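Asks: You'll find start-v2.txt just under this line, and it carries compact mmCIF, C-alpha atoms.
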```
# COMPACT_ATOMS: atom_id res chain seq x y z
CA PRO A 27 -64.15 17.44 -37.60
CA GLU A 28 -63.53 13.75 -37.94
CA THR A 29 -59.95 13.72 -36.67
CA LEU A 30 -60.60 15.73 -33.45
CA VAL A 31 -63.59 13.37 -32.96
CA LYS A 32 -61.28 10.33 -33.24
CA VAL A 33 -58.96 11.93 -30.71
CA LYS A 34 -61.72 12.57 -28.26
CA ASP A 35 -63.09 9.10 -28.77
CA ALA A 36 -59.55 7.72 -28.16
CA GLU A 37 -59.51 9.54 -24.87
CA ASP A 38 -62.78 7.96 -23.80
CA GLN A 39 -61.79 4.48 -24.92
CA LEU A 40 -58.29 4.73 -23.36
CA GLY A 41 -59.49 6.38 -20.17
CA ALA A 42 -56.74 8.92 -20.59
CA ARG A 43 -55.59 12.20 -21.94
CA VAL A 44 -54.49 12.45 -25.53
CA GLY A 45 -52.54 15.40 -26.87
CA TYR A 46 -52.51 16.17 -30.59
CA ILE A 47 -51.04 18.66 -32.99
CA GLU A 48 -51.22 18.80 -36.78
CA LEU A 49 -48.91 21.51 -37.98
CA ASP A 50 -48.22 23.14 -41.35
CA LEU A 51 -44.50 22.44 -42.10
CA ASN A 52 -44.28 25.54 -44.39
CA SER A 53 -46.00 28.34 -42.31
CA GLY A 54 -45.37 26.58 -38.93
CA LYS A 55 -49.00 27.35 -37.89
CA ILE A 56 -51.20 24.83 -36.09
CA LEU A 57 -53.93 23.35 -38.27
CA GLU A 58 -55.62 21.35 -35.55
CA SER A 59 -54.99 20.65 -31.94
CA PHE A 60 -56.13 18.95 -28.75
CA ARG A 61 -54.66 19.71 -25.29
CA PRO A 62 -51.87 21.73 -27.01
CA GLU A 63 -50.58 23.34 -23.76
CA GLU A 64 -50.80 20.20 -21.57
CA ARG A 65 -47.67 18.31 -20.56
CA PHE A 66 -46.89 14.73 -21.50
CA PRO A 67 -43.86 12.48 -21.01
CA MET A 68 -41.64 12.57 -24.09
CA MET A 69 -40.32 8.99 -23.65
CA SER A 70 -38.07 8.06 -26.64
CA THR A 71 -39.42 10.99 -28.77
CA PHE A 72 -36.78 13.05 -26.99
CA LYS A 73 -34.05 11.14 -28.87
CA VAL A 74 -34.68 13.31 -31.90
CA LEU A 75 -34.12 16.56 -29.92
CA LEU A 76 -30.99 14.92 -28.43
CA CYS A 77 -29.57 14.28 -31.88
CA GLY A 78 -30.48 17.78 -32.92
CA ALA A 79 -28.42 19.07 -29.99
CA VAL A 80 -25.56 16.73 -31.14
CA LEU A 81 -25.91 17.98 -34.78
CA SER A 82 -25.84 21.66 -33.60
CA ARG A 83 -22.50 20.77 -31.88
CA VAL A 84 -21.32 19.00 -35.09
CA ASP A 85 -22.08 22.20 -37.08
CA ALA A 86 -20.09 24.27 -34.54
CA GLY A 87 -17.16 21.85 -34.58
CA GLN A 88 -17.59 20.84 -30.97
CA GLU A 89 -18.52 17.37 -32.13
CA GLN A 90 -17.78 15.16 -35.14
CA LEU A 91 -20.12 12.45 -36.57
CA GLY A 92 -17.12 10.13 -37.18
CA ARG A 93 -15.76 10.36 -33.68
CA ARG A 94 -15.58 6.96 -31.99
CA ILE A 95 -16.91 6.25 -28.54
CA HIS A 96 -15.89 3.18 -26.62
CA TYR A 97 -17.85 1.92 -23.70
CA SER A 98 -18.18 -1.16 -21.58
CA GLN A 99 -20.69 -3.84 -20.86
CA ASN A 100 -21.34 -2.05 -17.60
CA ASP A 101 -22.72 1.00 -19.38
CA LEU A 102 -25.48 -1.01 -20.93
CA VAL A 103 -28.99 -0.14 -19.72
CA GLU A 104 -32.20 -1.90 -20.61
CA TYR A 105 -33.11 -1.93 -24.26
CA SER A 106 -29.75 -1.56 -25.96
CA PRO A 107 -30.05 -3.73 -29.03
CA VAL A 108 -27.42 -2.02 -31.17
CA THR A 109 -24.96 -0.88 -28.53
CA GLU A 110 -24.74 -4.33 -26.98
CA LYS A 111 -23.16 -5.54 -30.21
CA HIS A 112 -20.25 -3.07 -30.43
CA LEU A 113 -18.46 -3.64 -27.21
CA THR A 114 -15.04 -4.30 -28.71
CA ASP A 115 -15.20 -1.89 -31.54
CA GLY A 116 -17.26 0.98 -30.10
CA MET A 117 -19.56 3.22 -32.15
CA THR A 118 -19.25 6.54 -33.94
CA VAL A 119 -21.45 9.49 -32.91
CA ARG A 120 -23.26 8.96 -36.28
CA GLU A 121 -23.87 5.27 -35.45
CA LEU A 122 -25.14 6.26 -31.99
CA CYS A 123 -27.69 8.69 -33.35
CA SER A 124 -28.74 6.13 -35.89
CA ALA A 125 -29.17 3.59 -33.12
CA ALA A 126 -31.01 6.15 -30.85
CA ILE A 127 -33.51 7.24 -33.53
CA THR A 128 -33.95 4.13 -35.80
CA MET A 129 -33.95 1.51 -33.01
CA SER A 130 -34.62 3.64 -29.86
CA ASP A 131 -31.40 2.36 -28.22
CA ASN A 132 -31.24 3.57 -24.62
CA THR A 133 -27.49 3.15 -24.06
CA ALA A 134 -26.87 5.13 -27.32
CA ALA A 135 -29.16 7.92 -25.94
CA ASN A 136 -27.21 7.96 -22.65
CA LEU A 137 -23.80 7.99 -24.40
CA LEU A 138 -25.01 10.93 -26.56
CA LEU A 139 -26.38 12.71 -23.43
CA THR A 140 -22.90 12.46 -21.93
CA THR A 141 -21.36 14.06 -25.06
CA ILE A 142 -23.55 17.19 -24.59
CA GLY A 143 -23.20 17.37 -20.76
CA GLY A 144 -26.48 15.63 -19.82
CA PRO A 145 -30.28 16.34 -19.51
CA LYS A 146 -29.77 19.93 -18.27
CA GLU A 147 -27.73 20.77 -21.36
CA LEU A 148 -30.34 19.33 -23.69
CA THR A 149 -32.84 21.54 -21.83
CA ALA A 150 -30.49 24.56 -22.30
CA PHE A 151 -30.19 23.80 -26.05
CA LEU A 152 -33.99 23.77 -26.32
CA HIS A 153 -34.35 27.00 -24.37
CA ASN A 154 -31.83 28.68 -26.56
CA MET A 155 -33.67 27.70 -29.81
CA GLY A 156 -36.87 29.19 -28.38
CA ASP A 157 -38.48 26.26 -26.56
CA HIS A 158 -38.86 27.30 -22.93
CA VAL A 159 -41.43 24.58 -22.24
CA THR A 160 -39.78 21.24 -23.01
CA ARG A 161 -37.54 19.81 -20.33
CA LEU A 162 -35.36 16.77 -19.92
CA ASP A 163 -34.25 15.96 -16.35
CA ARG A 164 -33.29 12.32 -16.25
CA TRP A 165 -31.47 9.61 -18.15
CA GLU A 166 -32.57 6.29 -19.69
CA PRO A 167 -34.48 4.45 -18.40
CA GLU A 168 -35.73 6.60 -15.49
CA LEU A 169 -37.05 9.35 -17.75
CA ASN A 170 -39.97 7.08 -18.73
CA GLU A 171 -41.48 6.86 -15.23
CA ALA A 172 -44.46 9.05 -16.07
CA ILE A 173 -45.51 9.92 -12.52
CA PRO A 174 -48.82 11.86 -12.69
CA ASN A 175 -48.36 15.70 -12.57
CA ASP A 176 -44.59 15.32 -12.60
CA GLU A 177 -43.21 17.82 -15.11
CA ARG A 178 -39.84 16.12 -15.43
CA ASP A 179 -39.00 14.80 -18.90
CA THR A 180 -42.13 16.38 -20.45
CA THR A 181 -43.11 18.53 -23.47
CA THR A 182 -46.43 19.85 -24.67
CA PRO A 183 -47.79 18.85 -28.05
CA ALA A 184 -47.41 22.37 -29.31
CA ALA A 185 -43.92 22.93 -28.06
CA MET A 186 -42.75 19.57 -29.48
CA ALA A 187 -44.35 20.21 -32.82
CA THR A 188 -42.86 23.67 -33.24
CA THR A 189 -39.46 22.52 -32.03
CA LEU A 190 -39.43 19.57 -34.46
CA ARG A 191 -40.30 22.00 -37.25
CA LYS A 192 -37.42 24.28 -36.27
CA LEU A 193 -34.97 21.36 -36.20
CA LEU A 194 -35.99 19.84 -39.54
CA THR A 195 -36.59 23.09 -41.54
CA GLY A 196 -35.56 26.09 -39.46
CA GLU A 197 -32.54 28.31 -39.45
CA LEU A 198 -30.70 26.50 -36.62
CA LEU A 199 -29.09 23.47 -38.27
CA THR A 200 -27.02 23.35 -41.51
CA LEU A 201 -28.77 21.90 -44.56
CA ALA A 202 -26.55 18.78 -44.15
CA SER A 203 -27.55 18.37 -40.48
CA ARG A 204 -31.26 18.87 -41.24
CA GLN A 205 -31.06 16.18 -43.91
CA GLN A 206 -29.29 13.76 -41.68
CA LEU A 207 -31.80 14.25 -38.88
CA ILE A 208 -34.81 13.63 -41.12
CA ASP A 209 -32.98 10.69 -42.84
CA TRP A 210 -32.55 8.97 -39.51
CA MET A 211 -36.18 9.48 -38.77
CA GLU A 212 -37.27 8.13 -42.21
CA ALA A 213 -35.33 4.96 -41.27
CA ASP A 214 -37.22 4.35 -38.07
CA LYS A 215 -37.75 0.66 -37.46
CA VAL A 216 -39.68 0.75 -34.17
CA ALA A 217 -42.86 2.70 -35.16
CA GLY A 218 -44.33 0.02 -37.53
CA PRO A 219 -47.85 -0.17 -36.09
CA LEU A 220 -48.42 3.58 -35.60
CA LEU A 221 -48.72 6.29 -38.25
CA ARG A 222 -46.89 4.13 -40.76
CA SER A 223 -49.71 1.57 -40.69
CA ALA A 224 -52.05 4.29 -42.08
CA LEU A 225 -49.62 5.59 -44.74
CA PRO A 226 -50.62 5.12 -48.42
CA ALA A 227 -48.10 4.10 -51.08
CA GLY A 228 -46.01 7.03 -52.36
CA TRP A 229 -46.16 8.93 -49.09
CA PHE A 230 -43.17 10.12 -47.13
CA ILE A 231 -42.80 9.69 -43.42
CA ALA A 232 -40.02 10.41 -40.96
CA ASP A 233 -40.87 9.69 -37.36
CA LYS A 234 -39.95 8.75 -33.84
CA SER A 235 -42.09 6.77 -31.42
CA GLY A 236 -41.99 6.26 -27.73
CA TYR A 237 -43.47 4.29 -24.90
CA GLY A 238 -43.07 4.41 -21.12
CA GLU A 239 -44.66 3.60 -17.77
CA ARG A 240 -48.24 4.22 -16.93
CA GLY A 241 -49.67 3.82 -20.39
CA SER A 242 -47.37 6.40 -21.94
CA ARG A 243 -47.25 6.26 -25.73
CA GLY A 244 -46.48 8.77 -28.44
CA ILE A 245 -45.09 9.71 -31.81
CA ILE A 246 -43.66 12.73 -33.62
CA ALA A 247 -43.71 12.73 -37.43
CA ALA A 248 -43.11 14.75 -40.57
CA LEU A 249 -45.27 13.27 -43.35
CA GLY A 250 -46.88 14.02 -46.65
CA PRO A 251 -48.03 12.83 -50.07
CA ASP A 252 -45.93 12.67 -53.31
CA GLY A 253 -42.75 11.70 -51.42
CA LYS A 254 -42.36 14.87 -49.51
CA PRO A 255 -43.21 15.87 -45.97
CA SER A 256 -45.69 18.80 -45.65
CA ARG A 257 -47.05 18.50 -42.11
CA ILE A 258 -45.94 17.67 -38.61
CA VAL A 259 -48.06 15.38 -36.40
CA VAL A 260 -47.53 14.99 -32.68
CA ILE A 261 -49.60 12.53 -30.63
CA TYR A 262 -49.13 11.76 -26.97
CA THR A 263 -51.00 9.84 -24.35
CA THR A 264 -50.34 8.97 -20.72
CA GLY A 265 -52.28 7.38 -17.85
CA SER A 266 -54.11 4.59 -19.68
CA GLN A 267 -54.29 0.95 -18.41
CA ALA A 268 -54.74 -0.13 -22.10
CA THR A 269 -52.35 -2.65 -23.69
CA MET A 270 -49.62 -1.55 -26.04
CA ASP A 271 -51.62 -3.11 -28.92
CA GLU A 272 -54.68 -0.91 -28.22
CA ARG A 273 -52.67 2.23 -27.77
CA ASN A 274 -50.99 1.49 -31.10
CA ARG A 275 -54.32 1.02 -32.78
CA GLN A 276 -55.72 4.25 -31.40
CA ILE A 277 -52.76 6.21 -32.70
CA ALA A 278 -53.05 4.39 -36.09
CA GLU A 279 -56.78 5.33 -36.25
CA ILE A 280 -55.96 9.05 -35.55
CA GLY A 281 -53.41 8.69 -38.40
CA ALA A 282 -55.97 7.06 -40.74
CA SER A 283 -58.28 10.05 -40.18
CA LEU A 284 -55.82 12.82 -40.69
CA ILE A 285 -54.64 11.11 -43.88
CA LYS A 286 -58.23 10.63 -45.14
CA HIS A 287 -58.93 14.32 -44.55
CA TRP A 288 -55.65 15.76 -45.71
```
Please lay out the structure from this file as structure tokens.
Replies:
Amino acid sequence: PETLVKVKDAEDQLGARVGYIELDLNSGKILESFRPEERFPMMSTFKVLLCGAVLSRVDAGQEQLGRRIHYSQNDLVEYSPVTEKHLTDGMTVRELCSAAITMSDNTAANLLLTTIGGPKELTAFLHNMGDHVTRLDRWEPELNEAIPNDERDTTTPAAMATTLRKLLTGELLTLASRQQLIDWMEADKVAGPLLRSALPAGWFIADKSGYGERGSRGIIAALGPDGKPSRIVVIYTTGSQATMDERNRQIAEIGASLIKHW
């Protein structure tokens, strides 16, 4: 009971809704949940689904990881720390997904959206793999606006958790694509203070964080002891006036509890 208590206490302390899912990676069944069917802004956690859509195209031969994309300074949107450095040389599709997942690069996410035909086509990919709930409507950085009761650019905790499970371990992607997707997530460099801050030595974690307007904060992860992932955690929150530091700490404390009670 301790973890759902920490979640509810986080809601009270943040003054905001928190959505939570702890899922069994093997059976795909929910172990614990809070607000599983409520919608929350995905923010940068969508970048993992985006790269899954790109990998599905790589498997089908409609895309190639080594393909080079050139772009100009005028394509650069806010928060583009990798893409801003490859203006003369461009970046491969592989480099763009790396930048999008491991550094949350926004221009890399937009260039990859263009390769698949935009937000509506990501939404179509998700629908076709069985997720009729998640939707992407906008590009970076507008997709982080988080207007209350706006369903654009949202998931539910349950839909995101089950979809991540299908991408990492399901029948959709090739073994090589599944491994590349979780490898990018293991190399995340922008989720330091979240679940990773709770992770004991020897544990595996592959994740993707996000933040947006109006207090929006979240994380998707595959994690587990003995160097192997065994469960999927999804945590989202929106609407709080709390600082980034407090939101981070609340997520870390939910992590500490679920790890303590594994």
Asks: May I ask for the distance between CA of residue 59 (chain A) and CA of residue 126 (chain A), given in Å to one decimal place?
Replies: 28.0 Å
Asks: Give me the residues within 10 Å of residue 114 (chain A) as a list in words, counting only C-alpha atoms and dropping any in the same chain fewer than 6 places off.
Replies: residues 96, 97, 98 and 99 of chain A
Asks: To one decimal place, how far is CA of residue 108 (chain A) from CA of residue 121 (chain A) in Å?
Replies: 9.2 Å
Asks: Which residues come within 12 Å of residue 286 (chain A), counting only C-alpha atoms, excluding same-chain residues fewer than 4 positions away, as a ChimeraX atom specification?
Replies: /A:27-29,224-226,250-251,279-282
Asks: Report as JSON lines: every residue of region 99-177 of chain A with an atom at most 12 Å from region 254-268 of chain A, its closest pair of atoms, and their distance in Å to one decimal, counting all atoms listed in the file, with rows sorted by chain and ascending residue number.
Replies:
```
{"residue": "A:170", "atom": "CA", "partner": "A:264", "partner_atom": "CA", "distance": 10.7}
{"residue": "A:171", "atom": "CA", "partner": "A:264", "partner_atom": "CA", "distance": 10.6}
{"residue": "A:172", "atom": "CA", "partner": "A:264", "partner_atom": "CA", "distance": 7.5}
{"residue": "A:173", "atom": "CA", "partner": "A:265", "partner_atom": "CA", "distance": 9.0}
{"residue": "A:174", "atom": "CA", "partner": "A:265", "partner_atom": "CA", "distance": 7.7}
{"residue": "A:175", "atom": "CA", "partner": "A:265", "partner_atom": "CA", "distance": 10.6}
{"residue": "A:176", "atom": "CA", "partner": "A:264", "partner_atom": "CA", "distance": 11.8}
```
Asks: What gap, in Å, lies between CA of residue 178 (chain A) and CA of residue 68 (chain A)?
Replies: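 Atom-to-atom, CA of residue 178 (chain A) and CA of residue 68 (chain A) are spaced 9.5 Å apart.
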Asks: Select, counting only C-alpha atoms, all protein, DNA and RNA residues no farther than 12 Å from (-47.4, 7.2, -28.3) in file coordinates, and express the selection as an MDAnalysis selection string.
Replies: chainID A and resid 43:46 66:71 183 216:217 219:221 233:247 259:266 269:278 280:281
Asks: For each of A:103, A:80, A:95, A:117, take the minimum atom-to-atom distance to residue 152 (chain A), counting all atoms listed in the file, then give the residue where this is smallest.
Replies: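 Nearest candidate to residue 152 (chain A) out of A:103, A:80, A:95, A:117: A:80.
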Asks: Enumerate, as a list in words, the protein, DNA and RNA residues whose atoms approach (-34.1, 18.8, -38.5) to within 8 Å, taking into account all atoms listed in the file and the coordinate frame of the file.
Replies: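 Output of the proximity query reads residues 78, 190, 191, 192, 193, 194, 195, 196, 199, 203, 204, 205, 206, 207 and 208 of chain A.
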Asks: In terms of the shortest atom-to-atom distance over all atoms listed in the file, which of A:227, A:74, A:84, A:155 is closest to residue 211 (chain A)?
Replies: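 Looking at the shortest contact to residue 211 (chain A), the residue is A:74.
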Asks: Counting only C-alpha atoms, which residue out of A:248, A:142, A:129, A:135 sits closest to residue 218 (chain A)?
Replies: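 Answer, going by the shortest atom-to-atom distance: A:129.
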Asks: Can you work out which one of A:209, A:123, A:186, A:144 has the shortest atom-to-atom distance to residue 56 (chain A), counting only C-alpha atoms?
Replies: A:186
Asks: Assuming 5 Å of padding per side, give the centre and edge lengths of the axis-aligned box around every listed atom of region 222-226 of chain A, in Å to one decimal and as lines of an AutoDock Vina configuration file.
Replies:
```
center_x = -49.5
center_y = 3.6
center_z = -44.6
size_x = 15.2
size_y = 14.0
size_z = 17.7
```
